[PDB]
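Every position in the sequence shown, counted from 1, becomes a number in the numbering used here once 30 is added.
Virtual Cβ for every residue (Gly too), placed ideally from N, Cα, C.
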Amino acid sequence: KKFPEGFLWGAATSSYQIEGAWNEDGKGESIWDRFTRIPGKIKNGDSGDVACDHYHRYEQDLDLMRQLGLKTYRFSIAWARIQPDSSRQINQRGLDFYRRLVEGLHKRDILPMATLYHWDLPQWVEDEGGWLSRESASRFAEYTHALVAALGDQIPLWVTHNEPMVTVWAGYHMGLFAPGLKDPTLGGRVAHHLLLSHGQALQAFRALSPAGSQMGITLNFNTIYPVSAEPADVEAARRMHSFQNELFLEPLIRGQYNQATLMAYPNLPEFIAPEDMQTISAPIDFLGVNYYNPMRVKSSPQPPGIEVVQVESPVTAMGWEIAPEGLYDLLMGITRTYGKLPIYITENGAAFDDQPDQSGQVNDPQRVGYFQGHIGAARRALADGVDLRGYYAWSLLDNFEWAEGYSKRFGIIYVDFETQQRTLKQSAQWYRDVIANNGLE
Ligand SMILES: OC[C@H]1O[C@@H](O)[C@H](O)[C@@H](O)[C@@H]1O
């Protein structure tokens with residue numbers, strides 16, 4: 031029942047999804063500033079120009095974190111605030127903001143976890159080739175060094191990347207997210223340079239070696255289940271798992287790409303230099319796990335011989351299936367396959383239609399049911415030997431949900447985007463009790 035003494039209960043956000051002040055204090059343009067100017071790309075023509083106006087209101091948000099009793103808070107750093115342009119010079123005002131944020135967290139006994147890259151690449155980096163260019167791994171490492179040198183001993187947990195797979199799939203295969211390319215053959219190349227940037231960032235971290243600080247990476251996964259017990263379906267499920275869930279994990283832990291990856295991207299070995307794989311697979315301090323839903327697959331006659339079968343119920347407002355057993359299986363599978371390493375669930379959460387009632391309360395019993403089941407599955411994984419050190423709710427605040435804009439609300443705290451007024455939902459109240467009790471009712 032009760033989690034371990036000192037278990038780190040938290041909530042998470044990302045810079046572009048909450049900060050606003052998109053052009054203030056010397057901040058540079060990011061690929062998402064640019065992307066949200068293009069008509070038709072975002073529902074309702076929404077953008078992150080203002081978002082939760084967190085850059086201006088962070089002290090209020092710091093107080094909200096204290097109100098919930100968070101032991102930890104996960105955010106991302108906007109690279110374009112730190113290095114607005116191709117001169118690579120550090121913008122001191124951008125840096126001051128994260129210094130102030132982190133100082134406020136320690137003031138309130140909240141341990142900081144910072145994600146260096148949560149998708150808002152500076153436009154200047156994109157003009158130098160973006161993730162297609164190998165040199166971007168070096169720009170990322172320089173950016174990392176600056177941030178770790180400045181805040182290393184103030185930030186005990188560092189994540190290099192959030193969900194490199196989504197940057198590949200949504201950013202380059204589908205054109206759904208920035209930078210908006212639609213060429214499948216570019217995937218392997220991008221993936222390699224994302225991995226390489228992580229490796230070079232971790233080197234920079236070890237060189238600085240800040241006291242009491244650790245560094246890792248966050249990956250997303252969708253637990254794969256075959257739609258039937260038929261051998262073709264099992265085989266499609268196995269290949270889908272290798273690709274969807276181990277494209278990054280395998281080279282990170284084992285130092286090599288798996289077969290399903292090399293077959294999906296035949297030209298991949300062309301970007302791999304002689305010590306890349308060693309750099310990529312150097313020891314991380316912990317793994318960040320993001321999870322929302324499973325994927326159910328069947329075999330297909332047409333390439334690539336895999337079909338994802340859509341589920342109609344039970345789902346969230348995103349249409350994503352609700353299956354807590356999927357989180358438990360993912361955690362058990364990682365721990366069995368790669369060994370018992372430290373894991374933080376860095377995002378787990380759900381979107382539902384939220385509407386303040388006449389009295390202004392925001393009651394979201396379906397979000398409470400989602401968290402109840404998932405935190406319960408996490409506790410079972412811990413009981414079964416998974417080294418789980420923390421759990422972060424996605425998200426602290428309703429925010430800019432990428433291509434869905436503001437039409438999707440993931441927050442435990444409701445945000446009225448007209449007034450910037452924040453309201454604890456029923457789920458935040460509930461979660462506060464979980465933290466106080468250090469476990470479920
Ligand atoms: O779609 C829900 C959430 O998914 C996670 O993959 C991303 O890291 C978040 O930025 C996003 O809001």
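Check: By the DSSP assignment, the alpha helix (DSSP H) with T309 in it spans what residues?; Outcome: 306–310
Check: Just list the residues that DSSP pairs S77 with in beta bridges.; Outcome: In DSSP, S77 forms no bridge with anything.
Check: Over the uninterrupted alpha helix (DSSP H) stretch that includes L181, give me the two end residues.; Outcome: 165–181
Check: With DSSP collapsed to three states, give me the class of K137.; Outcome: helix
Check: Which ranges does the alpha helix (DSSP H) cover as unbroken runs of at least 4 residues, wholly within the stretch 171–243, from first to last along the chain?; Outcome: 194–198, 217–238
Check: Specify the secondary structure class of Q340 as computed by DSSP and reduced to three states.; Outcome: coil
Check: Give a single yes or no on whether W424 has its beta carbon closer than 7 Å to a heavy atom of ligand 1.; Outcome: yes
Check: Tell me the DSSP secondary structure of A381 in three-state form.; Outcome: coil
Check: With a 10 Å radius around its C-beta and 16 neighbouring C-beta atoms as the bar for buried, classify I68 as buried or exposed.; Outcome: exposed
Check: Using DSSP's beta-bridge definition, name the partner residues of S106.; Outcome: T145
Check: For the alpha helix (DSSP H) holding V264, just list the boundary residues, first then last.; Outcome: 261–276
Check: In the DSSP assignment, the beta strand (DSSP E) including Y358 goes from what residue to what residue?; Outcome: It is not in any beta strand (DSSP E) - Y358 instead sits in the alpha helix (DSSP H) that spans 355–368.
Check: Find out if the Cβ-Cβ distance for the pair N323, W350 is shorter than 8 Å.; Outcome: yes
Check: Going along the chain, which residues of its own chain have a beta-carbon closer than 8 Å to the beta-carbon of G415, five neighbours each way excluded?; Outcome: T365, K370
Check: From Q119 to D63, what does the alpha carbon distance come to, in whole angstroms?; Outcome: 20 Å
Check: Within 10 Å of its beta-carbon, does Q391 have 16 or more other beta-carbons around it, so buried, or fewer, so exposed?; Outcome: exposed
Check: Within 7 Å: the Cβ of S44 and any heavy atom of ligand 1?; Outcome: yes
Check: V196: beta carbon under 7 Å from a heavy atom of ligand 1?; Outcome: yes
Check: Hey, quick one: how far does the alpha helix (DSSP H) through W460 stretch, first residue to last?; Outcome: 456–467
Check: Chain C beta carbons: is any one of them nearer than 8 Å to that of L135?; Outcome: The question asks about chain C, but that chain is absent: this structure has only one protein chain.
Check: Looking at the secondary structure, which residues open and close the alpha helix (DSSP H) in which residue 537 lies?; Outcome: Nothing in the structure corresponds to residue 537, since the chain is present only between 31 and 471.
Check: Helix, strand or coil for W350? Go by DSSP, reduced to three states.; Outcome: coil
Check: Tell me which residues share the same chain as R397 and place their Cβ nearer than 6 Å to its Cβ, disregarding the 5 neighbours each side in the sequence.; Outcome: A380, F382, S457
Check: So, for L357: in the same chain, excluding its five sequence neighbours on each side, which residues have a beta-carbon less than 8 Å away from its beta-carbon?; Outcome: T253, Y321, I375, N378, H404, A407, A408, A411
Check: Could you pull out every unbroken alpha helix (DSSP H) segment of at least 4 residues lying fully inside the stretch 379–449, listed in chain order?; Outcome: 395–413
Check: In whole angstroms, give me the CA-to-CA distance for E89 and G134.; Outcome: 8 Å
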